[PDB]
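Shown next: protein00.csv, given as CSV, C-alpha atoms.
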```csv
chain,number,residue,atom,x,y,z
A,1,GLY,CA,7.6,2.1,-16.9
A,2,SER,CA,4.8,1.8,-14.3
A,3,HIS,CA,5.8,0.9,-10.7
A,4,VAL,CA,3.2,-1.4,-9.2
A,5,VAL,CA,2.7,-3.3,-6.0
A,6,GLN,CA,1.3,-6.7,-5.0
A,7,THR,CA,0.0,-8.2,-1.7
A,8,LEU,CA,0.5,-11.5,0.0
A,9,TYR,CA,-1.2,-11.2,3.4
A,10,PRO,CA,-4.7,-9.7,3.8
A,11,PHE,CA,-3.5,-7.7,6.8
A,12,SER,CA,-5.1,-4.6,8.3
A,13,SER,CA,-3.7,-1.0,8.7
A,14,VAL,CA,-3.6,1.0,11.9
A,15,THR,CA,-2.4,4.6,11.5
A,16,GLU,CA,-5.0,7.3,10.8
A,17,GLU,CA,-3.5,8.1,7.4
A,18,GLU,CA,-4.1,4.5,6.3
A,19,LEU,CA,-6.8,2.5,4.6
A,20,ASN,CA,-8.5,-0.7,5.6
A,21,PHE,CA,-9.7,-2.8,2.6
A,22,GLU,CA,-9.5,-6.5,1.8
A,23,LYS,CA,-6.1,-6.7,0.0
A,24,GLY,CA,-5.3,-9.7,-2.1
A,25,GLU,CA,-4.4,-8.7,-5.6
A,26,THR,CA,-2.0,-6.1,-6.9
A,27,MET,CA,-2.0,-2.3,-6.3
A,28,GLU,CA,0.2,0.6,-7.4
A,29,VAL,CA,2.1,2.6,-4.9
A,30,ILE,CA,2.7,6.3,-5.7
A,31,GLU,CA,4.6,7.2,-2.6
A,32,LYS,CA,8.1,5.6,-2.4
A,33,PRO,CA,10.3,5.3,0.8
A,34,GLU,CA,13.3,6.9,-1.1
A,35,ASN,CA,12.0,10.4,-0.9
A,36,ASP,CA,8.8,10.1,1.1
A,37,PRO,CA,8.3,8.7,4.7
A,38,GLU,CA,8.6,5.0,5.4
A,39,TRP,CA,4.9,4.7,4.5
A,40,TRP,CA,3.4,4.5,1.0
A,41,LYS,CA,0.0,4.8,-0.6
A,42,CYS,CA,-1.8,3.2,-3.5
A,43,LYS,CA,-5.3,3.5,-5.0
A,44,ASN,CA,-7.8,0.6,-4.7
A,45,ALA,CA,-11.1,0.0,-6.4
A,46,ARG,CA,-12.5,1.5,-3.2
A,47,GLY,CA,-12.0,5.0,-4.5
A,48,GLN,CA,-9.8,5.8,-1.5
A,49,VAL,CA,-6.1,5.3,-1.2
A,50,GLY,CA,-4.4,5.2,2.1
A,51,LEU,CA,-1.1,4.2,3.6
A,52,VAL,CA,-0.5,0.5,3.1
A,53,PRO,CA,2.0,-1.3,5.3
A,54,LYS,CA,4.7,-2.8,3.0
A,55,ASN,CA,5.2,-5.4,5.8
A,56,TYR,CA,2.0,-6.9,4.6
A,57,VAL,CA,2.7,-6.7,0.9
A,58,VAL,CA,5.3,-7.1,-1.9
A,59,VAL,CA,5.9,-4.5,-4.6
A,60,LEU,CA,5.6,-5.5,-8.2
A,61,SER,CA,7.0,-3.3,-10.9
```
Can you give me the file's structure in the form of structure tokens?
Amino acid sequence: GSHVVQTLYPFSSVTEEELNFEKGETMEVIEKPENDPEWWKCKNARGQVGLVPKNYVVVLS
């Protein structure tokens, strides 16, 4: 149904196409690493969605 993502470590991003928000709960990633680059992006309650480092999270679908 809906592919979703979850976080474990409130780690910060670096790349310019990323987003720096206090991660803690679950988010939904639209960009997958199967067709798109190794980076993914999900929307936060911040109104902005950047590229979140999977190395600092765990997907939850």
Open item on the list: I'd like the contact shell of residue 13 of chain A - 12 Å cut-off, all atoms listed in the file, skipping same-chain residues fewer than 6 positions apart - returned as an MDAnalysis selection string.
Closed with: chainID A and resid 19:23 39:41 49:57
Task: Among the residues A:44, A:30, A:60, A:38, the one that comes closest to residue 6 of chain A [using all atoms listed in the file] - done: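 With all atoms listed in the file as the atom set, the closest residue is A:60.
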Open item on the list: Report as a PyMOL selection string all protein, DNA and RNA residues lying within 10 Å of residue 3 of chain A, evaluated on only C-alpha atoms, omitting residues in the same chain fewer than 3 positions from it.
Closed with: chain A and resi 27-30+32+59-61
Task: atom CA of residue 14 of chain A to atom CA of residue 2 of chain A, distance in Å rounded to a single decimal - done: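 For atom CA of residue 14 of chain A relative to atom CA of residue 2 of chain A, the distance reads 27.5 Å.
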TODO: May I ask for the distance between atom CA of residue 47 of chain A and atom CA of residue 8 of chain A, given in Å to one decimal place?
DONE: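 Between these atoms lies a distance of 21.2 Å.
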Task: Interatomic distance, atom CA of residue 9 of chain A to atom CA of residue 24 of chain A (Å, one decimal) - done: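 Computed distance, atom CA of residue 9 of chain A to atom CA of residue 24 of chain A, equals 7.0 Å.
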Task: Using all atoms listed in the file: which of A:33, A:42, A:48, A:18 has the shortest distance to residue 5 of chain A - done: A:42
Listed atoms of segment 23-30 of chain A boxed along x, y and z, 8 Å each side, centre and edge lengths in Å, one decimal, as AutoDock Vina command-line options:
```
--center_x -1.7 --center_y -1.7 --center_z -3.7 --size_x 24.8 --size_y 32.0 --size_z 23.4
```
Could you write segment 10-30 of chain A as a PDB file, keeping the file's coordinate frame, with N, CA, C and O atoms rebuilt where they are missing?
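Writing done, so here's out36.pdb:
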```
ATOM      1  N   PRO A  10      -3.597 -10.577   3.668  1.00  0.00           N
ATOM      2  CA  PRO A  10      -4.700  -9.700   3.800  1.00  0.00           C
ATOM      3  C   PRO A  10      -4.714  -9.030   5.232  1.00  0.00           C
ATOM      4  O   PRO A  10      -5.644  -9.213   6.019  1.00  0.00           O
ATOM      5  N   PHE A  11      -3.640  -8.306   5.527  1.00  0.00           N
ATOM      6  CA  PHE A  11      -3.500  -7.700   6.800  1.00  0.00           C
ATOM      7  C   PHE A  11      -4.102  -6.273   6.851  1.00  0.00           C
ATOM      8  O   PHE A  11      -4.276  -5.627   5.818  1.00  0.00           O
ATOM      9  N   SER A  12      -4.470  -5.849   8.051  1.00  0.00           N
ATOM     10  CA  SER A  12      -5.100  -4.600   8.300  1.00  0.00           C
ATOM     11  C   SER A  12      -4.140  -3.458   8.663  1.00  0.00           C
ATOM     12  O   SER A  12      -3.098  -3.716   9.265  1.00  0.00           O
ATOM     13  N   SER A  13      -4.508  -2.219   8.333  1.00  0.00           N
ATOM     14  CA  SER A  13      -3.700  -1.000   8.700  1.00  0.00           C
ATOM     15  C   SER A  13      -4.085  -0.509  10.037  1.00  0.00           C
ATOM     16  O   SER A  13      -5.056  -0.976  10.633  1.00  0.00           O
ATOM     17  N   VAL A  14      -3.324   0.457  10.553  1.00  0.00           N
ATOM     18  CA  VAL A  14      -3.600   1.000  11.900  1.00  0.00           C
ATOM     19  C   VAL A  14      -3.603   2.547  11.894  1.00  0.00           C
ATOM     20  O   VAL A  14      -4.576   3.170  12.320  1.00  0.00           O
ATOM     21  N   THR A  15      -2.498   3.155  11.461  1.00  0.00           N
ATOM     22  CA  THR A  15      -2.400   4.600  11.500  1.00  0.00           C
ATOM     23  C   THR A  15      -3.620   5.292  10.896  1.00  0.00           C
ATOM     24  O   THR A  15      -4.398   4.677  10.166  1.00  0.00           O
ATOM     25  N   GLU A  16      -3.805   6.564  11.251  1.00  0.00           N
ATOM     26  CA  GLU A  16      -5.000   7.300  10.800  1.00  0.00           C
ATOM     27  C   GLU A  16      -4.876   7.653   9.307  1.00  0.00           C
ATOM     28  O   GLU A  16      -5.900   7.758   8.632  1.00  0.00           O
ATOM     29  N   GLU A  17      -3.657   7.800   8.794  1.00  0.00           N
ATOM     30  CA  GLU A  17      -3.500   8.100   7.400  1.00  0.00           C
ATOM     31  C   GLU A  17      -3.416   6.820   6.550  1.00  0.00           C
ATOM     32  O   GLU A  17      -2.807   6.789   5.481  1.00  0.00           O
ATOM     33  N   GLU A  18      -4.051   5.765   7.046  1.00  0.00           N
ATOM     34  CA  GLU A  18      -4.100   4.500   6.300  1.00  0.00           C
ATOM     35  C   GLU A  18      -5.438   4.171   5.796  1.00  0.00           C
ATOM     36  O   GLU A  18      -6.375   4.961   5.913  1.00  0.00           O
ATOM     37  N   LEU A  19      -5.545   2.991   5.201  1.00  0.00           N
ATOM     38  CA  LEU A  19      -6.800   2.500   4.600  1.00  0.00           C
ATOM     39  C   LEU A  19      -7.009   1.056   4.939  1.00  0.00           C
ATOM     40  O   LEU A  19      -6.077   0.257   4.859  1.00  0.00           O
ATOM     41  N   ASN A  20      -8.236   0.697   5.297  1.00  0.00           N
ATOM     42  CA  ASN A  20      -8.500  -0.700   5.600  1.00  0.00           C
ATOM     43  C   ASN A  20      -9.493  -1.304   4.595  1.00  0.00           C
ATOM     44  O   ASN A  20     -10.705  -1.119   4.671  1.00  0.00           O
ATOM     45  N   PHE A  21      -8.916  -2.065   3.669  1.00  0.00           N
ATOM     46  CA  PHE A  21      -9.700  -2.800   2.600  1.00  0.00           C
ATOM     47  C   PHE A  21      -9.154  -4.195   2.544  1.00  0.00           C
ATOM     48  O   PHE A  21      -8.069  -4.486   3.048  1.00  0.00           O
ATOM     49  N   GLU A  22      -9.906  -5.095   1.923  1.00  0.00           N
ATOM     50  CA  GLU A  22      -9.500  -6.500   1.800  1.00  0.00           C
ATOM     51  C   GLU A  22      -8.456  -6.613   0.677  1.00  0.00           C
ATOM     52  O   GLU A  22      -8.834  -6.791  -0.480  1.00  0.00           O
ATOM     53  N   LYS A  23      -7.175  -6.541   1.019  1.00  0.00           N
ATOM     54  CA  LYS A  23      -6.100  -6.700   0.000  1.00  0.00           C
ATOM     55  C   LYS A  23      -5.895  -8.129  -0.351  1.00  0.00           C
ATOM     56  O   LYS A  23      -6.017  -9.031   0.478  1.00  0.00           O
ATOM     57  N   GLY A  24      -5.574  -8.357  -1.616  1.00  0.00           N
ATOM     58  CA  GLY A  24      -5.300  -9.700  -2.100  1.00  0.00           C
ATOM     59  C   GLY A  24      -4.623  -9.739  -3.418  1.00  0.00           C
ATOM     60  O   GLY A  24      -3.751 -10.579  -3.644  1.00  0.00           O
ATOM     61  N   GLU A  25      -4.991  -8.820  -4.297  1.00  0.00           N
ATOM     62  CA  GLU A  25      -4.400  -8.700  -5.600  1.00  0.00           C
ATOM     63  C   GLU A  25      -3.251  -7.713  -5.629  1.00  0.00           C
ATOM     64  O   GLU A  25      -2.540  -7.555  -4.637  1.00  0.00           O
ATOM     65  N   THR A  26      -3.068  -7.037  -6.763  1.00  0.00           N
ATOM     66  CA  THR A  26      -2.000  -6.100  -6.900  1.00  0.00           C
ATOM     67  C   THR A  26      -2.528  -4.628  -6.924  1.00  0.00           C
ATOM     68  O   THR A  26      -3.601  -4.348  -7.460  1.00  0.00           O
ATOM     69  N   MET A  27      -1.734  -3.731  -6.358  1.00  0.00           N
ATOM     70  CA  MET A  27      -2.000  -2.300  -6.300  1.00  0.00           C
ATOM     71  C   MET A  27      -0.803  -1.531  -6.701  1.00  0.00           C
ATOM     72  O   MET A  27       0.280  -2.094  -6.742  1.00  0.00           O
ATOM     73  N   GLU A  28      -0.956  -0.256  -7.011  1.00  0.00           N
ATOM     74  CA  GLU A  28       0.200   0.600  -7.400  1.00  0.00           C
ATOM     75  C   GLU A  28       0.471   1.649  -6.391  1.00  0.00           C
ATOM     76  O   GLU A  28      -0.390   2.468  -6.079  1.00  0.00           O
ATOM     77  N   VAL A  29       1.693   1.648  -5.882  1.00  0.00           N
ATOM     78  CA  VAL A  29       2.100   2.600  -4.900  1.00  0.00           C
ATOM     79  C   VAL A  29       2.758   3.840  -5.541  1.00  0.00           C
ATOM     80  O   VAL A  29       3.680   3.721  -6.347  1.00  0.00           O
ATOM     81  N   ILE A  30       2.249   5.010  -5.178  1.00  0.00           N
ATOM     82  CA  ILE A  30       2.700   6.300  -5.700  1.00  0.00           C
ATOM     83  C   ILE A  30       3.852   6.847  -4.827  1.00  0.00           C
ATOM     84  O   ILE A  30       4.836   7.396  -5.324  1.00  0.00           O
TER      85      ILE A  30
END
```
